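Asks: Just dropping this structure here.
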Amino acid sequence: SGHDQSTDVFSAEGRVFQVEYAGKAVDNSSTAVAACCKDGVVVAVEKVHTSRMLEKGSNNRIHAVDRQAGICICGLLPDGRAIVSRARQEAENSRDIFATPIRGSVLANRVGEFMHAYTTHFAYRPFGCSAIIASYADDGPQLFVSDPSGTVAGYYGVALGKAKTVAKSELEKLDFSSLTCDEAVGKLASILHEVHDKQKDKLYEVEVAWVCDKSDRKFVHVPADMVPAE
Amino acid sequence: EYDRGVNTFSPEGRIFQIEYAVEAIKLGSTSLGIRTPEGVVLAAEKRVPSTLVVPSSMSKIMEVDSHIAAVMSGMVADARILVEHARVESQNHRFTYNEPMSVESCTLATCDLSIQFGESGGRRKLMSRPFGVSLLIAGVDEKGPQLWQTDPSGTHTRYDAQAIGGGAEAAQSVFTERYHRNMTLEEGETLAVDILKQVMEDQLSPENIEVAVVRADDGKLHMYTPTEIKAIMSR
Amino acid sequence: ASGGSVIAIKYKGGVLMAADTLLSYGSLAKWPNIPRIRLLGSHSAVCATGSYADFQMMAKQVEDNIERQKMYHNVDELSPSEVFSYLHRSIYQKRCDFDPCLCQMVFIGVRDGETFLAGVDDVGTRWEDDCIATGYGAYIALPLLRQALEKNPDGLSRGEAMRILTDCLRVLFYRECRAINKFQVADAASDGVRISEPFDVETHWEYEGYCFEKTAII
Amino acid sequence: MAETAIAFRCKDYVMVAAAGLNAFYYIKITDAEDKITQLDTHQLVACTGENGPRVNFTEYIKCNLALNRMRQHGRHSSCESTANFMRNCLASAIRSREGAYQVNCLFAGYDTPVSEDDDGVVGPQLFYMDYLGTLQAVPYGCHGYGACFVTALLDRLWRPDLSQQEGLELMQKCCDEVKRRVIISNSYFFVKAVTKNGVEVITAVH
Amino acid sequence: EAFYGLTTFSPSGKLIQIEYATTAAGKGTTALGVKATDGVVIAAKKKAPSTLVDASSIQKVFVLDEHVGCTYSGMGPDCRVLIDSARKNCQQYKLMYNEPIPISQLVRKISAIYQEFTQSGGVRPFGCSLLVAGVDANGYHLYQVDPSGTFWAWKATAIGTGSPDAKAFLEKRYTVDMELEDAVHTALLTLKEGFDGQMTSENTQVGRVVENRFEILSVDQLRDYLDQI
Amino acid sequence: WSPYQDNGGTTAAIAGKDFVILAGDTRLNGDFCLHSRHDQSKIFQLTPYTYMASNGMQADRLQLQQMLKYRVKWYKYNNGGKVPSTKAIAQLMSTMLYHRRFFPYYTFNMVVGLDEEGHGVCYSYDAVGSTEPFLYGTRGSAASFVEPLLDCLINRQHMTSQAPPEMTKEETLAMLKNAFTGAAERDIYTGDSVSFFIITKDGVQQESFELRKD
Amino acid sequence: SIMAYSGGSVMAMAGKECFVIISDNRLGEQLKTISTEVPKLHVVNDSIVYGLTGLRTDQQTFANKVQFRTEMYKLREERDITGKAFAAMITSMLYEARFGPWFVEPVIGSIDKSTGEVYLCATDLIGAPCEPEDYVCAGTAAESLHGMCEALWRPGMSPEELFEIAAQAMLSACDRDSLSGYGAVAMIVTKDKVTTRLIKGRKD
Amino acid sequence: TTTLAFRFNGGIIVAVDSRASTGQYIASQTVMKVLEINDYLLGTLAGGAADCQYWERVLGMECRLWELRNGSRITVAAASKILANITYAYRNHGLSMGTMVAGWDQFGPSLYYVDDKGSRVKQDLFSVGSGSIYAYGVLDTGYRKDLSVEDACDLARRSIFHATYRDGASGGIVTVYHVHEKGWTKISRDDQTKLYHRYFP
Amino acid sequence: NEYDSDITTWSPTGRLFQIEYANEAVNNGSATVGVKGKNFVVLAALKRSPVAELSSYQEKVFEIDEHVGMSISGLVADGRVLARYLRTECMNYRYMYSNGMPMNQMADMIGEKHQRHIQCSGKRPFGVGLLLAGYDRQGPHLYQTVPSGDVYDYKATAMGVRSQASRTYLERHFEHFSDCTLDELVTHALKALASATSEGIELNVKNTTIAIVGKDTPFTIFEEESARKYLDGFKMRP
Ligand SMILES: Cc1nc(C)c(C(=O)Nc2ccc(F)c(-c3nc4ncc(-c5ncccc5C)cn4n3)c2)o1
Ligand SMILES: *[B]([O])([O])[C]([C][C]([C])[C])[N]C(=O)[C]([C]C1=[C][C]=[C][C]=[C]1)[N]C(=O)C1=[C]N=[C][C]=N1
């Protein structure tokens with residue numbers, strides 16, 4: 001009825017549907033995965049190209065927020081670019097005012113309050129996006145996920161997207177304590193080529209990015225020849 | 001009716017209030033414009049409500065400058081504030097550039113006002129509805145005689161022969177023939193008054209319509225008198 | 001806190017820029033151990049003559065502009081001619097707000113062959129040359145830099161452009177009050193900007209006309 | 001201050017006189033400029049000052065009395081209500097952005113009963129004013145350089161029971177003293193009068 | 001930002017939103033007050049939802065200045081906007097006249113806050129009434145505002161649940177020359193006859209404005225009165 | 001600290017029958033020093049037929065050259081690619097100098113271009129925009145040397161002799177070199193090298209010339 | 001100065017069950033007399049009478065804002081304003097405009113109708129409250145009035161003999177001040193009546 | 001600058017010089033000190049060169065916008081009141097302009113004068129500028145209301161000349177206009193040096 | 001369908017219909033084909049044919065700066081509000097840095113301009129698509145924005161009414177675009193544009209706008225006179 005038309009309406013049992021309807025925009029989106037590898041964090045996503053003529057590098061869902069942190073989004077691409085352009089502004093404030101790099105748990109708590117502030121007012125709609133904050137600050141390697149409700153949580157590994165239930169069981173076979181960033185790019189990319197089917201889309205490729213001690217604590221994308229072929 | 005909004009799209013891609021404003025142009029008086037290499041003629045029926053109206057009070061043709069005229073169709077209360085805006089813009093051009101504003105840039109200065117409408121003000125106070133008037137701007141400049149149309153969509157389009165209003169669909173069939181690109185101005189006179197005779201419901205008299213031209217070699221706007229409009233009929 | 005004179009010159013292949021490592025406060029020389037040569041990005045470097053607090057806030061602003069344009073987007077790094085242009089428009093904006101950046105600056109930069117050398121004032125003046133000097137090096141050291149660029153129009157090598165800077169830094173120690181004998185030289189080449197370890201120059205104070213009995217006023 | 005305004009009230013009239021000189025630092029532009037603005041049919045004001053603020057103050061006062069007669073169905077307000085509206089515009093302008101009006105003025109009027117229920121003033125009204133916002137009801141008021149010559153003249157010769165002709169030959173003595181001692185050439189004085197039948201422009205005394 | 005009004009007229013000609021708010025302002029606990037020749041008593045009823053809710057912490061008799069007090073019955077958090085605006089408007093009177101406010105002028109000011117939200121854009125009316133009482137330069141007062149903004153000048157009244165049968169008990173017990181100690185004797189006695197259990201010193205809260213001052217009675221001074229009635 | 005500073009130099013132009021010669025020396029200098037000898041920031045191109053040639057303060061010169069640069073671009077975008085004439089640019093100049101009347105530019109301007117007929121006309125401006133079409137014009141520190149010199153040899157006044165024929169591009173150029181070799185001798189803030197611009201209907205050609213270095 | 005532009009001195013003395021207040025009659029522009037019959041006193045009710053001195057443009061503008069605020073006080077509060085409430089009211093008015101200040105110096109005299117206590121108050125132009133129990137005085141001849149009032153006052157005066165001291169203090173101080181004079185207008189006031197007297201003075 | 005203009009039986013004649021000096025240096029010698037507002041009005045120039053050329057171009061814009069909206073010509077009593085309200089609004093901004101407006105409306109002639117301080121006066125005889133004090137004594141000696149068209153053109157051209165000859169801030173080329181009922185015509189345009197060997201051969 | 005009225009209303013399946021309704025405006029505009037080469041980007045827009053003699057003109061292709069240009073499809077009244085924003089932000093760049101704005105920065109700036117208008121209640125999406133034709137230090141670029149806020153980096157694309165057939169033609173030649181010269185690169189764009197036309201019309205200089213940006217070539221719109229060198233000899237062969 002009229003109990004699911006905006007954000008400032010609790011249900012008869014205390015639920016907000018426009019937040020929960022925004023969570024179905026992430027569950028119908030492409031598959032995301034991540035891993036914390038005891039000296040860094042590796043994040044991989046699958047770009048579903050809708051045409052053969054797209055340039056390699058188009059629609060990259062991984063964006064660098066600071067030198068040590070970067071947010072990969074899962075859900076709607078243009079809604080997540082408002083989250084990226086906000087968390088960059090949160091990370092520029094700590095460098096310019098407090099003369100310090102932003103911590104991993106503090107950048108994620110600023111993302112979860114920007115995403116929550118658009119779920120409490122009638123004129124605004126929640127994001128169709130789950131943001132994955134991968135950071136390496138002076139509190140070690142961090143891996144956070146902010147859902148459209150504004151809930152942040154530290155993870156060791158995460159699967160998000162359509163086949164987030166099959167890819168979650170594929171993460172339970174990894175270690176995360178002896179796991180390094182050297183092997184996990186080959187492992188996490190091999191999750192995506194097994195969890196995802198080619199009988200719906202013909203064009204699908206993977207985009208991996210890390211931040212670890214080997215890359216001098218810098219959030220970078222891959223050199224193109226480290227990813228497995230298929 | 002308030003179930004929809006003012007910015008609500010249709011499933012076919014159209015905006016509701018803009019598509020509903022184009023239909024308000026078809027329920028108005030008709031108007032003409034014919035681009036000819038000697039000038040542009042702007043014929044328009046007046047469509048008086050009664051015989052007790054003095055005809056010099058409801059002029060469908062308004063001057064913007066000495067070289068730009070403007071004829072409207074639809075509701076004429078919205079038509080005044082667009083022409084009152086185009087007069088301010090075309091005199092600020094002479095104030096700044098010491099030269100007459102081009103006919104294109106006077107149409108662009110009007111279309112920028114015909115798009116500024118919404119429902120949430122905030123910083124700026126916006127209009128509540130689009131303008132229910134389609135203007136039709138003519139004039140001469142360094143590129144010669146030009147004809148332009150502002151629609152309520154905000155879409156400006158340069159033309160050669162365009163009719164707006166109620167008698168516009170029938171005139172486009174008459175526009176297909178009976179128009180070559182190197183007519184004379186006096187041949188453009190008798191073309192417009194024959195179209196405006198066909199597409200109107202009343203008897204065409206000199207005190208019934210309005211005809212105004214902007215000549216190329218003169219460069220100035222020349223509106224007509226009822227003794228001048230009669231001389232076009234008897235040809 | 002205020003900086004002293006900064007001199008710079010082009011040679012065959014790159015640009016050199018020298019400055020004393022002193023930060024005076026009026027006449028008092030408070031700190032002889034601060035570096036004034038800041039380098040910008042990966043191809044350029046700037047140094048200032050004047051207020052240090054204005055330079056420390058301005059160079060903090062234009063260093064954040066180089067990285068965030070490069071980090072966020074898939075674009076190249078700004079050339080030296082484009083980050084000097086942002087440096088020029090930011091100083092002119094401050095004097096129109098009646099709060100200027102009260103210092104002269106010297107800017108160097110080399111991007112793949114194209115060498116760049118320019119200066120900027122607190123007002124907004126900008127100029128490009130093969131020899132820039134600010135402060136009292138514009139009076140003292142700049143005439144010596146100008147004759148050595150016109151005694152060979154083919155260009156200076158690095159070896160002979162380093163001899164004449166040392167000849168200019170030596171006279172800046174003789175004739176400027178607010179100066180010390182500890183200098184750093186930036187070297188912007190095709191490899192990038194490289195700041196050297198602080199050195200000193202050999203001064204001669206042993207003239208026979210400087211003795212006690214000649215200069216006496218009896 | 002170079003031009004004088006002289007006004008005195010009597011039993012059934014108020015004389016005003018204002019020299020019609022307009023100058024440019026020593027050059028006589030005019031000699032006959034009317035400086036006594038007819039506000040209402042029974043009210044007038046004799047402003048002195050330079051010609052910039054003098055027109056722009058009187059046009060703001062006159063158009064607001066007329067507006068207050070439009071909105072109130074042609075009911076003429078009293079002379080004290082006009083005078084208190086005037087000094088509100090002087091006093092609010094000395095503490096504003098644009099600055100103070102440099103006008104010195106003498107308000108004059110005659111109070112008539114507007115209806116049978118009106119039991120207010122019947123007699124004449126004459127108000128001294130200033131550029132700051134001072135307001136004072138006074139038997140006679142004077143501005144300009146020649147004010148002190150003629151205020152002590154009216155200390156000698158003014159009487160409350162002067163007639164229309166006896167006050168007419170008093171104003172002639174008031175105009176001949178300013179021609180005698182003031183270095184500023186005031187030759188034409190624009191004498192007007194407010195009586196029970198409205199205002200009237202006296203041709204004789206000049 | 002929803003600048004339209006929420007309270008409008010009905011086809012019967014009644015503000016139906018304020019009619020609902022008077023139902024909300026009558027579902028609170030029983031608060032009451034009586035006057036006398038020497039002072040004015042106000043009496044409340046602190047209903048504890050459990051035995052673990054710190055009965056010394058919650059309060060219903062609100063003191064506004066050195067001469068005014070108040071007690072509500074309705075929505076609790078809606079009342080705190082009214083008391084914080086009444087404590088603020090009473091300090092602005094002393095910074096401008098160097099005088100305690102009269103009870104008339106304070107109640108005119110808080111009635112302009114009820115009516116403000118019944119004609120504003122995007123808000124609902126208040127759901128609570130008050131019992132303002134205190135002294136000024138012309139005797140003793142006991143007023144009672146409504147969520148409509150309509151204020152009164154009562155002499156003995158009651159608000160809340162069990163109010164129409166406690167206000168009828170005030171008609172039968174009031175006398176024109178009641179003293180102050182006689183007023184407290186009957187203000188506590190009209191609480192008991194509608195009270196559920198056994199009222200204690202931590203269970204009710206009274207405040208009797210005396211001679212210049214409101215002075216909410218303590219737990220020892222109110223214990224003196226319970227074992228006397 | 002004072003936010004105004006004169007940076008020397010001079011600009012002179014002489015307009016012919018279908019051309020203008022536009023010149024300005026390349027010399028930047030400050031308080032008592034000499035900043036540069038090769039500043040090309042004294043004459044600015046707005047359209048292919050109309051230049052601006054300003055001097056005075058170098059900092060407010062570069063700001064005025066950019067606001068003139070984009071008002072031409074908003075003219076070109078809003079008029080269907082039509083390039084503005086000299087008369088349109090020079091009235092744009094005359095208004096923008098008055099919009100900043102109370103915190104003005106310390107520039108002294110010349111708008112130099114061709115007519116719609118093809119003849120060349122130079123304009124001149126004060127600090128607040130007083131314009132006039134005229135056949136020549138000289139601004140800068142050495143204006144009082146050259147502007148009486150251009151009165152004596154272009155107008156041909158106070159000389160009881162018949163008029164010479166019309167000046168060519170070459171006889172105008174060799175004349176204008178005699179002024180800058182005359183301003184380099186007697187003005188201390190003028191002269192390292194002067195750059196001549198020759199604006200004709202078939203594009204513009206550019207020359208240089210050497211003055212005294214002291 | 002701007003404060004002594006218009007001229008005029010207002011003072012007040014306190015008695016047993018009465019007080020007096022007295023102003024001069026001169027208005028001027030720094031040397032020249034504009035009017036000779038202008039008091040400086042204002043009466044708002046049967047208990048409070050106050051007098052303004054300073055710049056005459058501010059003497060009329062401030063007294064319009066006081067009458068705007070005193071009559072609005074009587075509509076809101078159904079009562080006459082008291083002396084302690086009136087003096088603390090226009091103390092606050094001179095403090096709101098502290099950087100654009102009014103050039104008045106109000107001299108407030110008041111009395112309780114039922115009790116009989118007098119209350120004097122003389123603020124500065126910036127609103128400095130000051131309540132002496134003996135006398136207050138402001139104006140251009142204020143330095144001459146502190147000598148006249150202090151050498152002649154005693155606490156226990158009758159209303160008929162307090163007028164004789166205040167009248168000889170105003171006139172003897174205005175014979176030394178060239179910006180005040182031309183007679184004086186006084187007002188004695190008790191619990192029972194208000195009597196307004198005009199006093200002979202030098203016409204110099 | 002020695003602009004004058006007078007009103008007589010037959011219309012209004014405006015007469016100016018053409019010299020602009022920034023102190024002791026003469027900036028120009030061909031300055032048009034009459035901005036024609038439209039084909040029936042005139043405006044004159046004195047004082048600041050940019051302050052006059054800006055606000056009489058603003059005045060020429062408000063007169064053109066009058067004819068567009070109201071369909072008829074503007075009067076001169078409305079035209080100066082536009083210029084006087086602009087001028088009085090900026091009286092503390094240090095403007096320096098003294099301008100006469102002259103034209104033929106439907107009520108005959110009218111010759112006004114606007115300061116830089118908001119004044120507006122109505123006479124038939126003015127002379128404005130730094131050298132105007134020289135142009136009064138030769139004009140007030142020979143002025144009368146019923147002059148002919150040729151003699152009043154001669155009196156105006158001769159009254160400019162005796163002020164250009166004496167004032168250092170005046171001179172150049174004396175321009176004489178004539179405002180009749182059909183508009184204005186440029187009567188003559190001649191050098192001051194050529195005009196010396198006519199009046200004193 | 002009660003979840004399609006407002007812009008700030010998610011469906012119970014997780015769709016935004018007001019954004020999906022503005023996407024139909026782009027699919028109803030005129031067909032335009034962008035083709036990127038090795039150093040050149042060629043835009044080929046299909047403007048309106050004359051009605052048997054009278055020629056209506058409506059400007060679609062816009063110049064943004066010396067190195068940028070775009071062609072619109074859909075609501076042309078929103079395509080000029082974008083043209084005001086893109087031209088202003090390229091003047092503000094070249095004022096500061098004295099060089100042309102890079103295309104990867106600019107494509108990220110259009111996407112945040114579409115994004116401010118798709119989350120507030122009293123705002124609406126721009127019902128217009130773009131085709132950026134850019135050149136910078138990184139070489140030629142070809143972008144395309146949609147009313148959702150996406151921005152896609154293409155090798156070749158086509159938007160407009162019946163532009164699916166032009167896209168089918170480009171999906172056979174897009175591997176051979178880094179090898180052709182400029183004269184062949186215009187020819188692949190015009191053969192693609194001719195397959196989106198009606199059943200009985202072919203291309204000429206009267207209905208086609210050709211815009212080319214290059215490495216030593218600023219953004220040049222080839223209209224009526226100069227466009228004849230690529231359009232007089234042209235035939236859509238099967
Ligand atoms: C009705 C009437 N009667 C008269 C006698 C006037 C009158 O004179 N009004 C007037 C008003 C404003 C002005 F601004 C001016 C005015 N004219 C000038 N001409 C030249 C210079 C100048 N030139 C070069 C160097 C130095 C100077 C000082 C200065 N001014 N100032 C003149 O009006
Ligand atoms: B006339 O002599 O006043 C004439 C005024 C006319 C051109 C409108 N010009 C000037 O003499 C003025 C003098 C002046 C008056 C007030 C302030 C400053 C100067 N000269 C200029 O305004 C001038 C100066 N430099 C260049 C151009 N014009």
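Ordering of the structure tokens sets the chain letters (A, B, ...), residue numbers begin anew at 1 in every chain, and ligands are numbered from 1 in the order given.
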Name the residues of chain F that come out as strand (DSSP E) in a backbone DSSP run; write them as a short mmCIF file (atom, residue, chain, number, x, y, z; two decimals) with N, CA and C atoms, in the first residue's frame.

Replies:
```
data_model
loop_
_atom_site.label_atom_id
_atom_site.label_comp_id
_atom_site.auth_asym_id
_atom_site.auth_seq_id
_atom_site.Cartn_x
_atom_site.Cartn_y
_atom_site.Cartn_z
N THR F 10 55.99 49.68 -23.37
CA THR F 10 55.10 50.53 -24.15
C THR F 10 54.55 49.74 -25.32
N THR F 11 53.38 50.16 -25.79
CA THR F 11 52.75 49.61 -26.98
C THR F 11 52.33 50.75 -27.89
N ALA F 12 52.55 50.57 -29.19
CA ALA F 12 52.15 51.56 -30.18
C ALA F 12 51.60 50.85 -31.40
N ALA F 13 50.60 51.45 -32.03
CA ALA F 13 50.01 50.90 -33.23
C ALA F 13 49.69 52.02 -34.20
N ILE F 14 49.86 51.75 -35.49
CA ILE F 14 49.50 52.67 -36.56
C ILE F 14 48.66 51.90 -37.56
N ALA F 15 47.44 52.37 -37.82
CA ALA F 15 46.53 51.66 -38.70
C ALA F 15 46.52 52.28 -40.09
N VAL F 20 46.69 46.90 -39.96
CA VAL F 20 47.22 47.60 -38.79
C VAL F 20 48.59 47.01 -38.49
N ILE F 21 49.53 47.86 -38.13
CA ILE F 21 50.81 47.44 -37.55
C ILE F 21 50.67 47.59 -36.05
N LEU F 22 50.94 46.52 -35.31
CA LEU F 22 50.85 46.55 -33.85
C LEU F 22 52.16 46.11 -33.22
N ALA F 23 52.68 46.93 -32.31
CA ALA F 23 53.98 46.68 -31.72
C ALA F 23 53.92 46.82 -30.21
N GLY F 24 54.88 46.21 -29.54
CA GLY F 24 55.04 46.35 -28.10
C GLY F 24 56.34 45.71 -27.66
N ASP F 25 57.14 46.40 -26.86
CA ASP F 25 58.45 45.90 -26.50
C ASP F 25 58.34 44.80 -25.45
N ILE F 43 50.93 41.72 -25.75
CA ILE F 43 49.94 41.79 -26.82
C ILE F 43 49.25 40.43 -26.91
N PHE F 44 47.92 40.44 -26.84
CA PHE F 44 47.12 39.23 -26.77
C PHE F 44 46.17 39.18 -27.96
N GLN F 45 45.99 37.98 -28.50
CA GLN F 45 45.09 37.75 -29.62
C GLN F 45 43.73 37.28 -29.11
N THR F 50 41.26 40.81 -34.60
CA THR F 50 41.27 41.83 -33.56
C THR F 50 42.17 41.39 -32.41
N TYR F 51 43.13 42.24 -32.05
CA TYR F 51 44.01 41.98 -30.92
C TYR F 51 43.71 42.97 -29.80
N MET F 52 44.16 42.65 -28.60
CA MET F 52 44.28 43.62 -27.53
C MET F 52 45.75 43.76 -27.16
N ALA F 53 46.16 44.99 -26.86
CA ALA F 53 47.55 45.31 -26.60
C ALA F 53 47.62 46.22 -25.39
N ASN F 55 49.28 47.19 -21.27
CA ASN F 55 50.51 47.33 -20.50
C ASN F 55 50.21 48.09 -19.21
N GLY F 56 51.24 48.25 -18.38
CA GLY F 56 51.03 48.76 -17.05
C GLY F 56 51.39 47.73 -16.00
N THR F 107 45.66 48.57 -15.70
CA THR F 107 46.06 48.34 -17.07
C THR F 107 45.63 49.53 -17.90
N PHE F 108 46.31 49.72 -19.02
CA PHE F 108 45.98 50.74 -20.00
C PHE F 108 45.95 50.07 -21.35
N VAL F 111 42.50 48.20 -28.00
CA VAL F 111 41.91 47.18 -28.85
C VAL F 111 42.20 47.53 -30.30
N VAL F 112 42.87 46.62 -31.00
CA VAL F 112 43.42 46.86 -32.32
C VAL F 112 42.86 45.82 -33.28
N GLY F 113 42.23 46.28 -34.35
CA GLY F 113 41.63 45.35 -35.29
C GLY F 113 41.28 46.02 -36.60
N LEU F 114 40.57 45.27 -37.44
CA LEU F 114 40.08 45.74 -38.72
C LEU F 114 38.58 46.00 -38.65
N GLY F 120 41.66 49.51 -40.96
CA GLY F 120 42.12 49.28 -39.60
C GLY F 120 41.84 50.47 -38.71
N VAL F 121 41.36 50.20 -37.49
CA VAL F 121 41.07 51.24 -36.51
C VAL F 121 41.59 50.77 -35.15
N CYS F 122 42.36 51.62 -34.48
CA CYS F 122 42.84 51.36 -33.13
C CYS F 122 42.02 52.14 -32.11
N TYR F 123 41.75 51.52 -30.96
CA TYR F 123 41.09 52.26 -29.90
C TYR F 123 42.04 52.40 -28.71
N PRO F 133 37.42 55.68 -31.34
CA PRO F 133 38.08 55.19 -32.55
C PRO F 133 39.03 56.23 -33.12
N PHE F 134 40.22 55.79 -33.49
CA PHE F 134 41.27 56.69 -33.93
C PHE F 134 42.26 55.89 -34.78
N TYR F 136 45.61 55.83 -34.73
CA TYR F 136 46.79 55.29 -34.06
C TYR F 136 46.63 55.38 -32.55
N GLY F 137 47.69 55.08 -31.82
CA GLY F 137 47.61 55.10 -30.38
C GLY F 137 48.86 54.54 -29.73
N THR F 138 49.29 55.15 -28.63
CA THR F 138 50.52 54.77 -27.96
C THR F 138 50.34 54.82 -26.45
N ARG F 139 50.51 53.68 -25.79
CA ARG F 139 50.36 53.62 -24.35
C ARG F 139 51.67 53.18 -23.73
N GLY F 140 51.76 53.33 -22.41
CA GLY F 140 52.90 52.84 -21.67
C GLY F 140 53.66 53.98 -21.04
N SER F 193 63.56 44.50 -26.91
CA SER F 193 63.23 44.03 -28.25
C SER F 193 61.74 44.25 -28.47
N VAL F 194 61.36 44.75 -29.64
CA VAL F 194 59.97 45.07 -29.93
C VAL F 194 59.45 44.10 -30.99
N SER F 195 58.25 43.58 -30.78
CA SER F 195 57.65 42.59 -31.66
C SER F 195 56.51 43.21 -32.45
N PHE F 196 56.65 43.19 -33.77
CA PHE F 196 55.70 43.81 -34.68
C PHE F 196 54.71 42.77 -35.19
N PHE F 197 53.42 43.10 -35.09
CA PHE F 197 52.34 42.28 -35.61
C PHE F 197 51.69 43.03 -36.76
N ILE F 198 51.49 42.36 -37.88
CA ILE F 198 50.95 42.98 -39.08
C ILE F 198 49.65 42.26 -39.42
N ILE F 199 48.52 42.89 -39.09
CA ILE F 199 47.21 42.26 -39.21
C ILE F 199 46.62 42.62 -40.58
N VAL F 204 47.90 36.92 -40.42
CA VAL F 204 48.78 37.84 -39.72
C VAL F 204 50.21 37.34 -39.90
N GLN F 205 51.13 38.25 -40.20
CA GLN F 205 52.54 37.93 -40.17
C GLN F 205 53.21 38.61 -38.98
N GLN F 206 54.26 37.98 -38.47
CA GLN F 206 54.88 38.36 -37.22
C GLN F 206 56.38 38.57 -37.41
N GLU F 207 56.86 39.72 -36.95
CA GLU F 207 58.27 40.06 -37.05
C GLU F 207 58.80 40.45 -35.68
N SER F 208 60.12 40.54 -35.58
CA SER F 208 60.80 40.99 -34.38
C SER F 208 61.82 42.06 -34.75
N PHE F 209 62.35 42.72 -33.73
CA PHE F 209 63.28 43.83 -33.93
C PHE F 209 64.08 44.04 -32.65
N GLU F 210 65.32 44.48 -32.79
CA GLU F 210 66.23 44.59 -31.66
C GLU F 210 66.40 46.04 -31.23
#
```

Asks: Collect all residues with atoms no farther than 8 Å from ligand 2, counting only C-alpha atoms and all ligand atoms, and output them as an NGL selection string.

Replies: (:F and (125-126 or 130-131)) or (:H and (1-2 or 18-23 or 27-28 or 31-33 or 45-53 or 96-97 or 129-130 or 169-170))

Asks: If we count only C-alpha atoms, what is near residue 38 in chain C at a cut-off of 12 Å, once residues fewer than 2 positions away on the same chain are taken out, given as a PyMOL selection string?

Replies: chain C and resi 17-19+34-36+40-48+55-56+58-60+62-63+105-109+184-187+193-195

Asks: Using only C-alpha atoms, which residues sit within 8 Å of residue 102 in chain D once same-chain residues fewer than 4 positions away are excluded, as a ChimeraX atom specification?

Replies: /D:49-50,53-54,131

Asks: List as a ChimeraX atom specification the protein and nucleic acid residues near residue 26 in chain F, meaning an atom at most 9 Å away when only C-alpha atoms are counted, but skip any in the same chain fewer than 2 places from it.

Replies: /F:9-10,24,28,36-42,190-195

Asks: Skip range 168-178 of chain A itself and residues of its chain fewer than 6 positions away, then list as a list in words all residues within 7 Å of it, counting only C-alpha atoms.

Replies: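 In the requested format, the answer is residues 36, 37, 38, 157, 158, 159 and 191 of chain A.
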
Asks: Can you tell me, as a ChimeraX atom specification, what residues are no more than 6 Å from range 29-44 of chain D when counting only C-alpha atoms, ignoring any on the same chain fewer than 3 positions away?

Replies: /D:20-23,62,108-110,198-199
